[PDB]
Amino acid sequence: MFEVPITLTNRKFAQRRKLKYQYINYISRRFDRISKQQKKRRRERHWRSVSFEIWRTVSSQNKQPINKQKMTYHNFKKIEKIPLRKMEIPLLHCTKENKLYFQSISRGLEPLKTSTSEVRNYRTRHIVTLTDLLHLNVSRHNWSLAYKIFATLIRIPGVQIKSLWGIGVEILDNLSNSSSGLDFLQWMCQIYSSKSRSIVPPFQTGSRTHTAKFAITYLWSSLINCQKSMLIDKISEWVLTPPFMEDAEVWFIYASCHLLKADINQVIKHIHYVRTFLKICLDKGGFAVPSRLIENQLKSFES
Amino acid sequence: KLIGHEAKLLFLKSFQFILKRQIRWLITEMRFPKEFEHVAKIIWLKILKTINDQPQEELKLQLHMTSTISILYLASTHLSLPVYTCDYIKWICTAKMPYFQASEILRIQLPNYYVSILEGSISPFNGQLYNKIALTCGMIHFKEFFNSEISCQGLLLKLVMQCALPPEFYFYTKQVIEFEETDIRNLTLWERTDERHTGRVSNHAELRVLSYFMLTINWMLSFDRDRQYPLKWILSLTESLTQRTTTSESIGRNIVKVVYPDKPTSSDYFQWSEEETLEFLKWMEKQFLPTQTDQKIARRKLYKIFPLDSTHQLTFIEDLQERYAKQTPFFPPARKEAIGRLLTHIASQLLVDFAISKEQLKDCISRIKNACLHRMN
Amino acid sequence: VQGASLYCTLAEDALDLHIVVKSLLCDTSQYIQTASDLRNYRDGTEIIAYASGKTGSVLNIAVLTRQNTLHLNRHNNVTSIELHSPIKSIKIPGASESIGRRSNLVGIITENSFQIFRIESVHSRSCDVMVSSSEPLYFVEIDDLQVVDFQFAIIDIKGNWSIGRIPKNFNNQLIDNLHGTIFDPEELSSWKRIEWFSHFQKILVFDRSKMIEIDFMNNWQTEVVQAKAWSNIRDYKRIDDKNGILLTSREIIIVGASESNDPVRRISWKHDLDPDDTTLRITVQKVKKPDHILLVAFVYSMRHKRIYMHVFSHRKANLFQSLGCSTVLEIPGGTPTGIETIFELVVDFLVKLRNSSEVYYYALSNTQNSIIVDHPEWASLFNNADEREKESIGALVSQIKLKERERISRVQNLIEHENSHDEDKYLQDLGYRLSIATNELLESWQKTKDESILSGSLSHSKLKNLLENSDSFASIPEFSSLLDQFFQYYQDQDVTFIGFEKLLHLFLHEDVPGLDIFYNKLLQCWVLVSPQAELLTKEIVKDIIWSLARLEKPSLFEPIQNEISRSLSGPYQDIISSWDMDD
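Protein chains in written order, with UniProt numbering: chain A, 1 to 36, 74 to 87, 137 to 282, 291 to 324, 345 to 377, 401 to 440; chain B, 94 to 199, 204 to 390, 405 to 420, 432 to 453, 469 to 514; chain C, 20 to 27, 49 to 68, 184 to 305, 314 to 335, 342 to 511, 531 to 558, 567 to 779.
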């Protein structure tokens with residue numbers, strides 16, 4: 001009854017995706033008319086958005151001024167009447183269950199059974215139980231067992247997992263053995279920052303534009319591994355190393371490394410340094426203290 | 094690269110090879126008799142001769158894995174060995190007997210049409226096994242060629258011990274058995290088709306045995322006008338049956354519960370405990386090495416970054443003994474409740490163990506229950 | 020982390057979970188847009204009075220019947236006798252809203268149907284609940300309506324909405346003048362949703378594609394920041410406090426809510442939850458404490474009776490954090506059609541399951557300091581009806597019971613004679629009597645030996661038609677010795693061999709070397725449990741050893757004849773394929 005860390009068993013789900021987005025195309029096409074191939078599926082699924139430290143959202147202002155009813159019964163069934171027969175053509179090619187699914191989603195009914203609930207393989211089900219016991223043990227502070235789970239798992243050939251935040255916080259709270267959360271993260275960036291879809295929201299990502307969660311969390315959490323101190347020029351040495359320019363958060367990490375190193402003219406250069414990176418961190422989507430507060434610490438320094 | 098249109102020959106070679114591989118594992122690791130192998134060459138020989146008495150270049154064969162298990166059970170049943178379908182289901186779902194792959198990860206590259214003809218239809222779990230053994234029992238005829246009487250009485254023993262029933266129920270159910278059948282049990286349910294709709298939910302002998310077993314318990318216990326079986330000991334029986342304890346067997350039934358199609362049994366894995374999960378991951382790293390299908408050395412060092420790395435739990439007759447004792451205190470209309478919950482737990486175990494459906498079982502025991510009322514009234 | 024080292049790694053807290061407390065309350184593939192049951196407390200009189208917790212429950216043949224009745228609360232939460240009403244339409248959501256405490260504790264209750272949209276008033280006194288039917292409108296539109304929100316009757320029909328008002332008490342009905350639409354041709358699923366936001370007199374409108382805010386007493390419309398690339402809006406319910414918003418996507422619990430007087434989105438980060446299930450829904454309960462204000466998120470389904478729970482907290486700096494996940498189960502077949510909420533946590537709600545007219549109160553607690569089977573599929577199989585089908589079963593039971601008595605008294609004396617010279621005579625004339633019959637059957641196996649069509653010689657594995665000779669002995673070890681010396685005797689070749697021990701392996705699941713130790717182990721087990729366990733265990737080890745007692749076709753040299761000869765009639769290169777010893 002929980003998400004599975006495997007690529008979903010295939011055929012029928014994909015041909016259903018076909019029927020769905022194809023009919024979607026015909027209805028929305030005729031809709032814009034009335035307002036006036075893997076690749077066809079690709080363009081189709083394509084043109085669509087794919137007191138505490140709250141990474142705040144974008145609130146409501148500078149947005150439209152309503153709409154008034156577009157869709158009566160007669161007018162909708164006008165738009166619907168034709169694309170449903172076009173659908174009658176390839177429905178004849180798909181399977182009877184698939185056809186039924188097309189009929190029901192197109193009535194607007196939502197299917198009883200999940201993709202998992204109708205899925206149907208030994209090795210993958212075993213990996214499912216393995217990974218599950220990993221996540222469970224890591225939740226249970228059972229770092230020993232959890233470590234055994236992790237080693238036995240990574241042994242397997244079967245699936246790569248984005249599951250990466252699972253292992254970041256996993257090895258993090260594990261402390262037990264294996265080349266740790268930082269090693270995993272910098273591995274993620276080294277393998278997936280070069281040319282060398292379904293599964294992917296933001297908490298696991300590709301290094302064209304922002305890989306977010308794991309990177310910023312090893313960044314901050316490493317600066318807290320300096321809270322262990324009072345390592346920094348290391349953390350910002352390998353935050354210096356990568357080019358993935360849409361961050362700024364590593365600009366505030368950088369300027370935080372300079373404020374932490376500023377705690401004689403050397404200390405001056407560190408304070409001018411943080412003064413610089415706070416503005417080249419006004420470069421991008423802002424991380425802001427009132428920042429006259431940042432400067433006020435910097436004047437407590439100017440003492 | 095790969096064969097075209099006469100990879101019938103290669104297909105039947107990976108298939109036959111996989112069969113003899115499984116036989117190797119069951120004489121070796123299950124201490125079968127060497128005669129089994131000859132019985133297998135005879136049955137696989139009969140149906141091989143029947144599919145090579147068939148013309149078409151269009152293959153029309155289905156050598157799914159259910160056919161492997163089908164001729165193994167067929168041969169075992171001729172030889173009157175006390176192995177039953179649930180032995181096979183357990184054996185294969187616990188990765189002991191190699192099954193869930195084409196020529197498991199290590204072989205041959207065949208036309209993807211046949212790799213699909215292998216990997217497909219893999220599950221036995223809705224009675225696919227009973228249906229495929231009856232189908233083979235048509236494909237070459239059971240009657241004259243072989244002796245298709247099931248090993249009934251060992252199944253009764255297996256069943257009483259599988260519950261914690263006192264040995265009187267072996268003779269009880271053996272008697273109801275004799276009452277409706279007089280002990281004649283066949284293997285074919287064949288009239289080659291898909292089509293069937295009455296008379297033939299219940300003519301795989303086993304399923305009827307389980308049906309008689311259930312019935313027996315219900316009748317027997319609900320009409321002990323003697324009061325031989327206490328209103329309590331039915332509860333204590335239910336609880337000694339219910340207490341999840343870690344023997345090879347129950348651990349196995351958990352492993353089968355994981356790949357049984359229907360809920361609840363997966364909610365059953367939900368209600369398991371850290372040691373069950375642990376021995377599970379153990380069986381995962383052991384028997385899911387029987388898996389299927405620069406950067407590589409980078410993953411040998413990458414995985415080699417984190418280390419790959432007075433006997434506690436008890437045997438079968440130990441557990442059996444101890445619940446037989448847990449009820450050893452042996453010497469009013471809501472006792473029907475105790476009868477019902479006991480029957481339904483027993484049912485659950487049978488459903489996962491004999492890979493059938495809730496609805497399948499109750500169809501059978503319903504039909505054959507009316508088949509006893511009819512020859513009783 | 021964020022604030023701890025913005026200031027200049050385990051948790052907040054240790055690990056606590058879920059427990060139950062259960063009670064009965066009242067009794068009555185493609186799915187669609189519906190959800191139909193409520194309970195909420197108001198008092199009509201407001202001549203300085205209090206609120207009354209009421210239920211709007213649903214009665215079904217066709218779902219024609221709407222029922223309103225009171226709840227008296229306690230630690231034991233019951234009802235008092237029922238009050239009723241019908242409608243000719245199939246009935247969908249009962250909803251009774253309540254604007255938060257900018258103002259007042261609210262009046263009466265509304266429902267959406269198959270055609271109609273109705274709103275009722277109520278007066279009540281002395282354990283009766285008399286309601287009045289504020290008038291329906293079957294439609295202007297020939298369009299079904301998705302959601303009602305609330314004095315303002317707001318309707319949504321698939322892709323177009325209307326703000327409306329309700330009449331005052333009596334008997335003029343409900344009118345509207347402000348309208349709109351969110352129509353989207355390329356979203357096929359029918360459910361849309363209207364619930365407003367901040368009580369600002371500004372609304373929220375939803376479909377599985379997107380979330381649109383509409384400031385509806387000016388002219389204002391916005392599509393808030395995501396759309397439909399990777400997930401569907403799955404549900405939304407206003408976490409009760411006016412400025413508070415709870416939205417289930419796929420794989421995300423979203424806590425929207427204003428942190429500005431104008432309407433909002435919150436991207437104050439969120440938790441995620443893991444399916445493809447279309448049928449997910451959500452509801453929150455809200456508990457109050459000194460240092461925080463915490464919210465429990467119940468996401469439930471129509472597929473599995475499990476409940477998926479997460480918890481958030483409102484330390485009013487508009488501080489929100491998340492702790493860790495937990496999930497509970499629920500019972501037989503079916504699934505929730507309704508979940509409704511009202531150093532430890534108590535959270536309590538009611539559930540109604542798919543196709544079960546029952547309404548069950550539940551309560552959940554943190555720690556521990558302090567099946568009644570009607571499976572209609574099996575009871576129909578166990579209780580069978582007519583009286584002659586009761587005394588029928590009893591008749592059969594008696595038949596076998598006295599039979600078992602015959603078994604006991606019969607075998608008893610056979611147990612009296614063990615190691616006797618009598619049982620010795622019997623084991624002799626038995627063993628080699630059987631040997632004579634076995635030889636005869638071997639001769640009639642010689643006459644038919646040249647069959648070469650099969651390799652199963654007919655009706656073989658037996659005592660071979662002398663049946664009384666089996667039973668009468670009663671000493672397992674001397675019988676095992678009989679069989680060992682019978683196998684010894686027929687060692688004259690071309691004869692079956694099969695080793696039992698290696699097969700009892702399958703029976704007791706450990707190595708069973710001797711035919712005797714088999715009897716020992718069974719005898720321990722059953723001597724714990726039955727009288728004459730020695731008699732039965734002996735009778736059943738005899739029955740097993742007989743049921744297996746081999747005598748199959750002439751041995752290994754005989755099968756290879758038919759092996760090769762069937763390997764002949766087959767065409768030539770299937771014959772070339774037939775392959776022993778692979779690798």
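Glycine included, each C-beta is placed from N, C-alpha and C at the ideal position.
| query | Span of the beta strand (DSSP E) holding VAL411 (chain A)? | reply | No beta strand (DSSP E) contains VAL411 (chain A), which is instead part of the alpha helix (DSSP H) from 402-416.
| task | Examine the Cβ distances between the stretch 207-225 of chain C and the stretch 269-287 of chain C and report whether three or more of them are shorter than 8 Å. | result | yes
| query | Okay, do the stretch 363-377 of chain B and the stretch 338-355 of chain B touch, 3+ Cβ pairs below 8 Å being the bar? | reply | yes
| Who are the Cβ neighbours of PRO330 (chain C) in its own chain at under 8 Å, not counting the five residues just before and after it? | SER289, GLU290, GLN342, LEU343
| Do we get a CB-CB distance below 8 Å when we pair residue 783 (chain C) with the residues of chain A? | Outside the displayed range of chain C (20 to 779) lies residue 783 (chain C), so it cannot be described from this structure.
| message | Against chain B, does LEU541 (chain C) count as a neighbour if the rule is that its beta carbon must be under 8 Å from one of theirs? | response | no
| query | Name the residues in the stretch 656-687 of chain C whose C-beta lies less than 7 Å from a C-beta of chain A; which are they? | reply | none
| field | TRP722 (chain C) at chain B interface by Cβ criterion, 8 Å | value | yes
| field | Extent of the continuous beta strand (DSSP E) run through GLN222 (chain C) | value | 220-227
| task | Decide if the stretch 499-508 of chain C is in contact with the stretch 466-475 of chain C; the criterion is three or more beta carbon pairs, one per stretch, under 8 Å apart. | result | yes
| message | I'd like to know if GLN390 (chain C) contacts chain A, where contact means its C-beta is closer than 8 Å to some C-beta of that chain. | response | yes
| task | Check whether the Cβ atoms of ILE493 (chain B) and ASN223 (chain B) sit closer than 8 Å, and answer yes or no. | result | yes
| By Cβ distance below 8 Å, which residues in the same chain neighbour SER651 (chain C) in space, the five residues on each side in sequence not counted? | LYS749, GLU754, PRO755, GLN757, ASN758, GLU759
| request: Excluding the 5 residues preceding and the 5 following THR270 (chain B) in the sequence, name in chain order all residues of the same chain whose CB lies nearer than 7 Å to its CB. | output: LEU253, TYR309, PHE310, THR313
| query | How many Å lie between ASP409 (chain C) and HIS368 (chain C) at the Cα? | reply | 11 Å
| Assuming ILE237 (chain B) contacts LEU284 (chain B) under a Cβ cut-off of 8 Å, what Cβ separation, rounded to an integer in Å, is found between them? | About 11 Å; that fails the 8 Å criterion.
| task | Kindly provide the ranges of any alpha helix (DSSP H) runs that are 4 or more residues long and lie completely inside the stretch 328-367 of chain B, ordered along the chain. | result | 330-339, 345-354, 362-367
| task | Pull up the distance between the alpha-carbon of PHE269 (chain C) and that of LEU300 (chain C), whole angstroms please. | result | 9 Å
| task | Return helix, strand or coil for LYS153 (chain B), following the three-state DSSP convention. | result | coil
| task | Give the secondary structure of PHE537 (chain C) by DSSP, where H, G and I count as helix, E and B as strand, and everything else as coil. | result | strand
| task | Identify the contact partners of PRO357 (chain A) in chain B, using a Cβ-Cβ distance below 7 Å as the criterion. | result | Within chain B, no residue comes near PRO357 (chain A); the closest Cβ sits about 22 Å away, beyond 7 Å.
| Within 10 angstroms of its Cβ, does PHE531 (chain C) collect 16 or more other Cβ (buried), or is it exposed? | exposed
| message | Taking a contact to mean a Cβ-Cβ separation below 8 Å, would you say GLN395 (chain C) touches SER86 (chain A) in this structure? | response | yes
| field | Straight-line gap, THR311 (chain A) to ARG291 (chain A) (C-alpha atoms, nearest Å) | value | 25 Å
| The alpha helix (DSSP H) with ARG171 (chain A) in it runs from where to where? | 169-177
| field | Cβ pair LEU239 (chain A), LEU271 (chain A) closer than 8 Å | value | no
| field | Where the beta strand (DSSP E) containing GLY507 (chain C) begins and where it ends | value | 505-510
| Secondary structure at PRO291 (chain C), three-state DSSP: helix, strand or coil? | strand
| task | Mark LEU258 (chain A) as exposed unless 16 or more other C-beta atoms lie within 10 angstroms of its C-beta, in which case mark it buried. | result | buried
| Does the Cβ of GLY296 (chain B) have 16 or more other Cβ atoms within 10 Å, making it buried, or fewer, making it exposed? | exposed
| Cβ of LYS149 (chain A) less than 8 Å from any chain C Cβ? | yes
| Which ranges does the alpha helix (DSSP H) cover as unbroken runs of at least 4 residues, wholly within the stretch 646-725 of chain C, from first to last along the chain? | 664-667, 672-685, 697-704, 711-723
| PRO673 (chain C): buried (16+ other C-beta within 10 angstroms of its C-beta) or exposed? | exposed
| Which same chain residues, not among the five before or five after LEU373 (chain A), have their C-beta less than 6 Å away from its C-beta? | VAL411
| query | Between the Cα of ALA409 (chain B) and the Cα atoms of A:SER316, A:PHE308, A:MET274, which residue gives the shortest distance? | reply | A:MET274
| said: Comparing C-alpha positions only, which one of C:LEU731, C:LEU638, C:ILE263, C:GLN21 sits nearest to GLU600 (chain C)? | reply: C:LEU731
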